[PDB]
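Report on one structure; see the data block that follows.
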Amino acid sequence: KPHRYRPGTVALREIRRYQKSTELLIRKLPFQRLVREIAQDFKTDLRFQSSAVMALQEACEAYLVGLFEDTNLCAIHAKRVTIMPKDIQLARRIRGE
Amino acid sequence: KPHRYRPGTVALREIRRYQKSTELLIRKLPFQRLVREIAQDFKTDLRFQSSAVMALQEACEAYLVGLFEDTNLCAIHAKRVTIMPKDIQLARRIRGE
Amino acid sequence: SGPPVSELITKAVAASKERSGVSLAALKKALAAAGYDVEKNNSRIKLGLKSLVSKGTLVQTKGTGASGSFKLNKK
Amino acid sequence: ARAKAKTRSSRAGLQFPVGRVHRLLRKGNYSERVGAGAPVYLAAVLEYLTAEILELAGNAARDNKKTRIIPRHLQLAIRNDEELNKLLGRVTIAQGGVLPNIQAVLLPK
Amino acid sequence: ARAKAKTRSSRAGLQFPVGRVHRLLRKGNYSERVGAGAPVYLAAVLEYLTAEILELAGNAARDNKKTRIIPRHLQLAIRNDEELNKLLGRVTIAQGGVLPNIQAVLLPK
Amino acid sequence: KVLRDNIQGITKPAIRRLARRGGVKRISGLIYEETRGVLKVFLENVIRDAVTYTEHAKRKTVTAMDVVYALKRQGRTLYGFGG
Amino acid sequence: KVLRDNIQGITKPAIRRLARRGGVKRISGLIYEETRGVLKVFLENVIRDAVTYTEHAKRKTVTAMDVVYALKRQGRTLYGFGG
Amino acid sequence: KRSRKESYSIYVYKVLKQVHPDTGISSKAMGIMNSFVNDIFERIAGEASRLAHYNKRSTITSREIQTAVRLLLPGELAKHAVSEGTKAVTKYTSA
Amino acid sequence: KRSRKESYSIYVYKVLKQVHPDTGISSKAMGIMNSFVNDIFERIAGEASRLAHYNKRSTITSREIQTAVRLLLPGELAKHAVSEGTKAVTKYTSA
Amino acid sequence: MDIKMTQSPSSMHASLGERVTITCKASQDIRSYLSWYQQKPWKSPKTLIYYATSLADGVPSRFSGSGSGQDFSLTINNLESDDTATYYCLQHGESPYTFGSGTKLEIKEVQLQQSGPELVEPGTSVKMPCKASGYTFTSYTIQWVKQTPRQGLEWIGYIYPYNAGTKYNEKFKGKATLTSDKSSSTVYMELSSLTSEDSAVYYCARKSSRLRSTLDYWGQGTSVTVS
Amino acid sequence: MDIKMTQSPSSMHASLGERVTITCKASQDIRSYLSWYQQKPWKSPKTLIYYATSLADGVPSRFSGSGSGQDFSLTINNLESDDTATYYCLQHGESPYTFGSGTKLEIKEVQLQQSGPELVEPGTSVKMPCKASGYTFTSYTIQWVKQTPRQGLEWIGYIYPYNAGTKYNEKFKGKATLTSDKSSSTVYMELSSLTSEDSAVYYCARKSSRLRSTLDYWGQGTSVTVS
DNA sequence: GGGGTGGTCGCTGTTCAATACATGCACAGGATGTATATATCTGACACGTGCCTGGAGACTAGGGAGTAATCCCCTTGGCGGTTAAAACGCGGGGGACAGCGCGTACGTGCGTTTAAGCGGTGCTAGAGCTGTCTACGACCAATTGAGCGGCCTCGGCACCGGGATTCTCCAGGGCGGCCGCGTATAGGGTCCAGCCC
DNA sequence: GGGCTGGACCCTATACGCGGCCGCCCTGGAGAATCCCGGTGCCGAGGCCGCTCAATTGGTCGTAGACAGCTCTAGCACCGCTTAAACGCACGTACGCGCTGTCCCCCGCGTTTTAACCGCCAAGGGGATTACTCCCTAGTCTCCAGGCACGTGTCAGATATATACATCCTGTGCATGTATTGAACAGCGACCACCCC
């Protein structure tokens, strides 16, 4: 019979993995396309420095990581372990966003 | 038997009353005494303007009211109606305090 | 050693016979007071209650499975 | 000998003081030089925001059947509005109170 | 016959540039005048803070058996100290990552 | 002259009124001491900043402007006190 | 030339990795759409200010300094891209 | 003998009599409105100063004020404040 | 060549060589340290400017810098920064 | 007590290139809170002028607004074949908003997705959805306007989704009810006790909470017919 | 490889008013992280100098320190009655902190609450609490020091209440275990497998996370005695 | 000698004990993933060099701030009645919370598809740097009217007492479902009549 | 002639329906609270008045930046290829959540304590204002050395592969509590023998 880890073991090992490392988790080129779409919704024919897109990606990933930390705390406060949109909304509303 | 409202009716009436009113809720003289007590630890021989103590009192009451609003949100998130110290701690930590 | 848990369960349910039968928590309290290690035998008690339900010796008032309250059979 | 003085607020059509705003900009350590149109623009923006808030506060006062705007009316006007509340999100108004708001789960039934 | 030119950093015993700090204060539009001791005090404070962070980051790098400080080591140094974390609470360190931290309720029994 | 134990001057009914204005319906008995601690921390921070401003001004009287500056620098701008 | 649906490029595994770095063990299925919305709002807010700085500078290229100023204004100071 | 203290009270009162002729204002509300005007002045001036520093410009102009308004005021507030400022500057230039 | 772009890199490296003689630093870490120095400089200078404005003083002095440091830096960090600044100022005054 | 709008020229005939002036009078002082709209036949009205002088976004400088107080005017300088439409003034300085009677001229991305036409019988009720996209939903009010072929445009009421605050014309209290859903960015209007008189086209319109802002973007209009 | 700290004068007799110096030689370069402590008999040590030159808060200007690198000195100018005590240098430039042998000189608010004496038989375990008050608990590490008349003072380890971080002297790994309680602002030290060698007075000491900061305030000490 | 009763033996039924089965807990072994170790090789850090521009040195000029005097405001302090609020206690309702049970949503794994990343090349849009010249802003002196402090006065509103309406809680009357007993029914036992052995 | 069986009848057993009782909902009544309205006084808004100082008019000097021209960097496009990541599907477990029951913790409402509030007076500390005056700092010209850009080389480490340990999951073996079946003992029935009339 093939080996199979019980649910949550691979999740915890992924948590330990990604909390140890520092690289960006979102794909560079799709994030760049998203940035360019949003920008052309404000001013057409904009150009972007590579370092400008890199700074945007760093800021976005840091913001999302902190928001997921707050969401996890809210979920644990509800005595759950699964994060839910209601937890995200609570975290954002308490943050004043 | 004498009249007796059921639990929560007078609580709701008080909520409506104090959300309608605007006066300060903490007693003036003991709040002033507490302010002077705390200040004594930083610098001796201090005097306080009446308006300075009043500004401190408005700021403290506003801060407490906002913290209680966030605490109520956390309590409702946990499907409770009673606010708890863990609710206050969650609200404060998510605020980044 | 003592008797099987079924005997103690029947004794506990017959101990007071409230208008609605004894609840799972109350019968566990009764077993503990009479003297039983409820802590390591919760599965034994639950399976015993399920057995007594299946034999028809006990009837279940509100809940399902081990939940709810249990009172003695019609006779 | 000299032309009769005509104020810069009057030339701009503004109530707020263009000259005072210009002097505050010069003495505020904001830049080495201040353009002529900068205090005019800033006074116009300040007058617009003041007029907007006073208009909403006067409406709130009228709804309360009160003739004089009070801090409660200012708080109501600011907090009942998306954009003004966003602008003044971190501001506390003395004697302003709070908006009436009870969570639905706390209500009976 | 001018005497050999010293530097204000050397006079103060500092490594950070007192002259550059004074120039930045003068051109930063912070005040009309700048005192002689102000750039010295500010350079001393900046040097102290830099030394503290670099010390902690170098200790972290040594603990990771690295001879070169990296943004991960700066992040670890900053976040593992309560006062530095309070000072830089709203600051994002690029390529810094996060502290390893798992909530106790999530760990297996 | 010496004031020693004045945090208890923030009475339980006062905390209940603050919660009621905050929209709180039901209040655990442990809320009051936690609230007093939080209030004490907030007051300590604000008063420490205000006293720093007062000392810089070489004054012995803490002023409403000192309090307003402390509140602003802590990100809690207060209108209505000479700001 | 145009771009219409690129938020879907923030894939479910990418959001999962972000949550794992955030310490999240178990993720509901609606987190992905919710996070895409939140990220889009954040990006819109930052990019609007960056483009405003670019337009003031009369530049047609958005620069890393423009992004840094936008973030610093929004209270999210970013170290490592200045200069 | 007292020392003259400047306040925006008379200008706030003029604007109030424009928007609601029959409405008055209390001293506390006037103090709050003065605090508001000072706060917004400080925000716009500081943002314009930073813009000028970023662009190596030594002069704060109405263009810097316009950009600062766009940065600070959200959406329709920014749009209408820009319209009012542009109208005022255009009138002043010809008057 | 290009226009000179001044940075704190050499001073940060000298401080590093004082505190940990044998370790080096990467370019990204040096950039982060430059950002840190600029941010703290801006904070302290802005707070000192505010203090001088509040006190109707035209000169920013070491007293203003000290008060700004006490306001901004927490606790023991502030105390040690004040000690360093005072020692430097006294040494500079004593030539 | 509702302010009456009086458009003196009911119908105007003009050739190309020449100039047309339309004027409006107010019963009470509306204090410059007047707007002008252009409505093509069977099309939603588009805004032209707001704050009685400002051109709406994307509107050419051919249209000019003038006046304040009680007397206002609209001017078109270089007529085109497209200018054949009906023009309405709208005042929003007092709680009951009022549209003008209308003036017919004859010459020789914010999205408000409104539902399709509905057939209904008296006594029953209809619930009219408004799906809004392309902007921050909570920052703008949704205004509802009823257009009969006999009474012209009438303002029903608005909902402000940020706090769900609502205001209704006294003519439509009880008859109309407004609700909002933030998660779907949708506003619903429910008509109760339908009557053949209620046979009209209902338009949803976005309007900012700013007092000088006007009803700027309009839905395509849902006609409701009662037998 | 531990940095041994060598105090040259092991005892000194001096008259009143005259100057006294105490010399300290470090085994390895500690880079100016040296402190000086005064301990009157049966009382906890009080800090005098930190960062090898800086007076501790409340210390009179009579005391002074100098030196850097490896060689340090302490100086007392106006000898007064209370100056008779034992003086210990403490280096904290490297992870195992080391105290000096101690110079016995004989001549002609932050509160740390610590438990009372303990009598315990060998092999059993003991838990000494540390209730801290008067300051923000999480900002400062709590350091534990063992004092024996035969071996002097030894640094055991520290707890950082901010993140529960720990560091221990290798001599005390397993023997000592440190825990904290943010709610009660209390730190506990656990000793396992007690031995007659463990009969000593244990001091809890407060130290900021700043590297130049030294052990500033000390607990009264728990006198653990093993039968 | 016959009949009845009691005793003994055999068979059946019941109870007890033994055995086998279902349930759960603990330990061991295998799989695997992270970790630990060199080897390698690419490039990023670090050091040398030269040039130039910005910081240091010396002087002028004046004004910002420190320091002293004086006034009077506004902060502190003690005092004594008046309630309003705080405090204490008690009965009880409802809400927190613990235990359980079920369904399905999410985690893990695997095969297929997709597109990201790299690297390499070509092109041009625009960043950015320099030089001119000038429109506009800083700075100073004379003028005056707008704004600030003072005084007053009077009308909006806070307070209050008396009805009004609405809301909130409990009690009384109409209604539904379940259980015990009563009524009707069916099955089994019984007694007489007929048939077979 | 007798016993067995079938038919008719009576006695007992069983199944379903109805009235009484427990639980539930709807409507009315009482009282408390929140409002609302008219009267009343009182103090803060807001209006007038005079002075003064800062805003305006006017003029001079210069320089910040608008603009135009040129360079050359890097951002954008494109294309092929490799392969890792995303996706879609299967399947199973554990987690969310809904339900039930218990207990005790706040809530509401009295009575008692207290200390806050407010009006009052009295004292003096220090804030604020003004004046003098001198120490420090801005502005400026000259000179050289510290720092920045260019260039170059080489060692720390990123990447790769091979092995090691720690952890994770599950299979199996043992323990134990329970259920079933078989055997043993005892009780009852039947048959034979003995005693009594």
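Note that these values count all heavy atoms, side chains included, but never hydrogens, waters or copies made by symmetry. Letters A, B, ... are given to chains in the order of the sequence lines, protein chains preceding strands, and every chain is numbered from 1.
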Inset, instruction - Begin from the C-alpha positions of D:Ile69 and H:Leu16 and carry the test side-chain contact (heavy atoms from CB on, under 4.5 Å) through to its verdict. - result: CA-CA 10 Å; D:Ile69 295 169; H:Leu16 175 60; 3.7 Å; yes
Legend entry - Atom of E:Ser31, atom of I:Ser58 and distance for their closest heavy-atom approach: CB-O, 3.4 Å
Look for any protein N or O under 3.5 Å of an N or O in nucleotides 76-78 of chain M and output each such pair with its distance, or none.
residue : atom : partner : partner atom : Å
M:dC76  : OP1  : A:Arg36 : NH1          : 2.8
M:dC76  : OP1  : A:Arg36 : NH2          : 3.0
M:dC76  : OP1  : A:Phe48 : N            : 2.8
M:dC76  : OP2  : A:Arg36 : NH2          : 2.7

Inset, instruction - Would you kindly give the NZ-to-P distance between B:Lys20 and M:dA33, to the nearest whole Å? - result: 15 Å
Legend entry - Sugar geometry class by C1'-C2'-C3'-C4' for M:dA94: south
Legend entry - Rounded interatomic separation in angstrom, taking CG from D:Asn64 and P from M:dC36: 12 Å
Legend entry - Closest non-hydrogen atom pair between B:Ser51 and F:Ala64, with its separation: OG-CB, 3.4 Å
Legend entry - Donor-acceptor pair under 3.5 Å, D:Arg2 side chain vs L:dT144 base: no
Legend entry - Gap between atoms NZ and P, on D:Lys27 and M:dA54 respectively (whole Å): 12 Å
Legend entry - Candidate list I:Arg57, I:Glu64, I:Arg63, test side-chain hydrogen bond (donor to acceptor under 3.5 Å, both in side chains), partner I:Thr61, passing option: I:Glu64
Inset, instruction - With heavy atoms under 4.0 Å as the rule, sort H:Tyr8 into base, sugar-phosphate or nothing. - result: nothing
Inset, instruction - Can you check whether any acceptor in the base of L:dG156 is under 3.5 Å from a donor in the side chain of D:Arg68, or vice versa? - result: no
Inset, instruction - Describe the nucleic acid contact of A:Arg33 in one word from base, sugar-phosphate, nothing, applying a heavy-atom distance below 4.0 Å. - result: sugar-phosphate
Inset, instruction - Between L:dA58, M:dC148, M:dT57, spot the one nearest the side chain of E:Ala3, thanks. - result: L:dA58
Inset, instruction - Quickly work out the H:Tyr13 OH to L:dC148 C1' distance and round it to whole Å. - result: 17 Å
Inset, instruction - Just compare M:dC95, M:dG44, M:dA54 and give me whichever is closest to any side-chain atom of H:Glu6. - result: M:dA54
Legend entry - Out of L:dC100, L:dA86, L:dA138, whichever nucleotide has its closest atom nearest the side chain of C:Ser67: L:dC100
Legend entry - Heavy-atom pair of closest approach, residues G:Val24 and G:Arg20: O-NH1, 2.7 Å
Legend entry - Length of the line joining C:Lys28:NZ and L:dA98:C1', which is rounded to integer Å: 8 Å
Listing time: all N or O pairs from protein to nucleotides 129-135 of chain M that are below 3.5 Å?
residue : atom : partner : partner atom : Å
M:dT129 : OP1  : H:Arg2  : NH1          : 3.2
M:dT129 : OP1  : H:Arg2  : NH2          : 3.0
M:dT129 : OP1  : H:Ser3  : OG           : 2.5
M:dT129 : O5'  : H:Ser3  : OG           : 2.9

Inset, instruction - Describe the nucleic acid contact of D:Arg20 in one word from base, sugar-phosphate, nothing, applying a heavy-atom distance below 4.0 Å. - result: sugar-phosphate
Inset, instruction - May I ask you to check whether A:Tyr5 and A:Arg13 show a side-chain donor-acceptor distance below 3.5 Å? - result: no
Legend entry - 5' precedence on DNA chain M between D:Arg8 and I:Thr59 (nearest-nucleotide basis): D:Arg8
Legend entry - Given DNA chain L, 5'-ward residue of the pair C:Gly65 and I:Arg4, judged by closest heavy atom: I:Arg4
Legend entry - Nucleotide nearest E:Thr7 when distance is taken to its side chain, options L:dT75, M:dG146, L:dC97: M:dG146
Inset, instruction - Could you check whether I:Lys28 gets within reach of a base, just the sugar-phosphate, or nothing at all, counting any heavy atom under 4.0 Å? - result: nothing
Legend entry - Aromatic plane relationship, D:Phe16 with H:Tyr8 - under 30° parallel, 30 to 60° tilted, over 60° perpendicular: parallel
Inset, instruction - Take the protein atom CZ of D:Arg23 and the nucleotide atom P of M:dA55, then report the distance between them rounded to whole Å. - result: 5 Å
Legend entry - Touch class at under 4.0 angstrom, heavy-atom based, for A:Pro30 against every strand present: sugar-phosphate
Legend entry - Residue pair A:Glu23 / A:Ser21, side-chain donor-acceptor N/O under 3.5 Å: yes
Legend entry - Under-4.0 Å salt bridge between D:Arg23 and H:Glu6: yes
Inset, instruction - Under 4.0 Å between any heavy atoms, over every strand shown, what does A:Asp45 touch: base, sugar-phosphate, or nothing? Just pick one. - result: nothing
Inset, instruction - Enumerate the residues from residues 39-52 of chain C whose closest heavy atom to DNA chain L is under 4.0 Å, giving them by residue number; use none for an empty result. - result: C:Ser43, C:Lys46
Legend entry - Contact check, side chains of A:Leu46 and A:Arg36, non-hydrogen atoms, under 4.5 Å: no
What pairs of nitrogen or oxygen atoms, one from the protein and one from nucleotides 23-32 of chain M, lie under 3.5 Å apart?
none

Inset, instruction - For A:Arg27, answer base if it contacts any base atom (sugar-phosphate contacts may also be present), sugar-phosphate if it contacts only those atoms, and nothing otherwise; contact means non-hydrogen atoms under 4.0 Å. - result: sugar-phosphate
Legend entry - Out of L:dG109, L:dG107, M:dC87, whichever nucleotide has its closest atom nearest the side chain of A:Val10: L:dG109
Legend entry - Furanose pucker, L:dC41, classified by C1'-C2'-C3'-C4': north
Inset, instruction - Using a strict cut-off of less than 4.0 Å between a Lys/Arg side-chain nitrogen and an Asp/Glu carboxylate oxygen, indicate whether B:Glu14 and F:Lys25 qualify as a salt bridge. - result: no
Legend entry - 5' priority, DNA chain L, between A:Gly8 and D:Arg33 [closest heavy atom]: A:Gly8
Inset, instruction - Consider only side-chain N and O atoms of B:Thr82 and F:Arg26, and report whether a donor and an acceptor are under 3.5 Å apart. - result: yes
Inset, instruction - Just call it for C:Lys55: base, sugar-phosphate, or nothing, with non-hydrogen atoms closer than 4.0 Å on any strand. - result: nothing
Inset, instruction - Using five pairs at either end of the helix from L:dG1-M:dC197 to L:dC157-M:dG41, determine the angle between the two local helix axes and round it to 10 degrees. - result: 170°
Legend entry - Euclidean distance, atom CD1 of residue G:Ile31 to atom P of L:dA105 [Å, nearest integer]: 15 Å
Inset, instruction - Have a look at C:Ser6 and say if it touches a base, only the backbone sugar-phosphate, or nothing, with a 4.0 Å heavy-atom cut-off. - result: nothing
Inset, instruction - Check every strand shown and say whether D:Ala1 touches a base, only sugar-phosphate, or nothing at a heavy-atom separation below 4.0 Å. - result: nothing
Inset, instruction - Would you kindly compare E:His22 and C:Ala26 by the position of their nearest DNA chain M nucleotide and give the one closer to the 5′ end? - result: C:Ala26
Inset, instruction - Give the rounded distance in Å between these two atoms: NZ of E:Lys6 and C1' of L:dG57. - result: 13 Å
Inset, instruction - Would you classify E:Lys4 as touching base, sugar-phosphate or nothing, given that sugar-phosphate means primed atoms plus P, OP1 and OP2, and contacts are heavy atoms under 4.0 Å? - result: sugar-phosphate
Inset, instruction - Ignoring hydrogens and angles, state whether a donor on the side chain of I:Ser9 or I:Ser7 is under 3.5 Å from an acceptor on the partner side chain. - result: yes
Inset, instruction - Tell me what H:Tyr11 touches on the nucleic acid: a base, only sugar-phosphate, or nothing, going by heavy atoms under 4.0 Å. - result: sugar-phosphate
Legend entry - Nucleotide of L:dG117, M:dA66, M:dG108 approaching A:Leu29 most closely (side-chain heavy atoms): L:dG117
What pairs of nitrogen or oxygen atoms, one from the protein and one from nucleotides 92-94 of chain L, lie under 3.5 Å apart?
residue : atom : partner : partner atom : Å
L:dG94  : OP1  : B:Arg6  : NE           : 3.3

Inset, instruction - Nearest 0.5 Å please: distance from the OG1 atom of H:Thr23 over to the NZ atom of H:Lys17. - result: 6.5 Å
Legend entry - Residue G:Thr61, side-chain atoms from C-beta onward, closest of L:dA127, L:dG109, M:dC95: L:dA127
